[PDB]
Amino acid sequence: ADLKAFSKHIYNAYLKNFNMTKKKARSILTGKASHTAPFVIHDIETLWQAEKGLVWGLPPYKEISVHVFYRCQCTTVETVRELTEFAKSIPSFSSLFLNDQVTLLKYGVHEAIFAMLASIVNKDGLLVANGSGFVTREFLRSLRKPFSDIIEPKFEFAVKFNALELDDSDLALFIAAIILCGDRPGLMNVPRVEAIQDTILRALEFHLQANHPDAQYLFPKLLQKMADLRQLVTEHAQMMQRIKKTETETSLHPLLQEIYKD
């Protein structure tokens, strides 16, 4: 009965802390938010114009693939910051000891990052710089290995995910469900976390039958997506290890070194 209130507070935490909603993202991608459109980045020259000021600091320069890799890090570290504030706005999360909070964010943020990335992605590319840019998938494909191999799987997941047609209120509960996961290694108060997760799942199962009355099997499809996200992030972490090993001139932000340390 109270699930509607617990879930409303999660929605508010979502709207207060995340830079862009799926709502705002889809209106830009479809040309319904402004009479100015995102600047399309599809090669070195458009990339250079975007950096020069059209659209928008980092470690010293090295090459274009690496440059784009540093822009991906900057966006992930920033999204880690929004996920930390989102999580702390969930009272039951803030009741956990600080070390359990860190353990859940450490192993959950990338799963949650890649779930939210679908919102800014279509089959042809994705938005950057708060919607001022659009970077083409074909450009990101043209990057040299291993940087194109770490990017392209996220588009595959994103286009299938977007076929579920979730709105921001669905996503807020789904993200909370990914972060409050009782399985993370070294978790201290596991029973307390599992109870929170279960509450969010029940809130989510209720929310879907109200918001998507005609979509059947959506809840078990979303549970499957959470299992798919765990595997996508396992493969992402393996690809990050190879970059650490073979791309020695490429630096990793220190906060990402901590997440990938284990």
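Quick note: we count residues from 1 along the sequence shown, nothing fancier. Rigid core: the largest C-alpha set superposing within 1.5 Å between the two forms.
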*asked:* Which segment is farther from the shown form on average in 7 other deposited structures of this protein after a rigid core fit, 58 to 66 or 190 to 198, going by CA atoms?
replied: 58 to 66
*Is the larger C-alpha RMS shift in 7 other deposited structures of this protein, relative to this form with the rigid core superposed, found in 172 to 180 or in 93 to 101?*
93 to 101
*asked:* What about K225, left without coordinates in a third or more of the other entries of this protein that model its neighbours?
replied: no
_For at least a third of the other PDB entries compared, is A33 missing from the model even though its neighbours are present?_
yes
*Between neighbours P220 and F219, residues that the deposited sequence lists but the model omits*: none
*Got a sec? Mean C-alpha B-factor, which is higher, 94 to 102 or 113 to 121?*
94 to 102
*For the stretches 78 to 86 and 153 to 161, which has the higher mean C-alpha B-factor as given in the deposited record?*
153 to 161
*Which has the highest CA B-factor per the PDB entry: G186, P146, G108, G131?*
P146
*Would you mind finding, among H236, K62, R230, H207, the residue with the largest C-alpha temperature factor in the entry?*
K62
*Is the Cα B-factor recorded for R202 in the lowest, middle or highest third of its chain?*
lowest
_Where the record places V68 (Cα B-factor, split into thirds across the chain)_ = middle
_Which third, lowest, middle or highest, does the C-alpha temperature factor of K245 belong to within its own chain?_
highest
_Third of chain Cα B-factors occupied by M20_ = highest
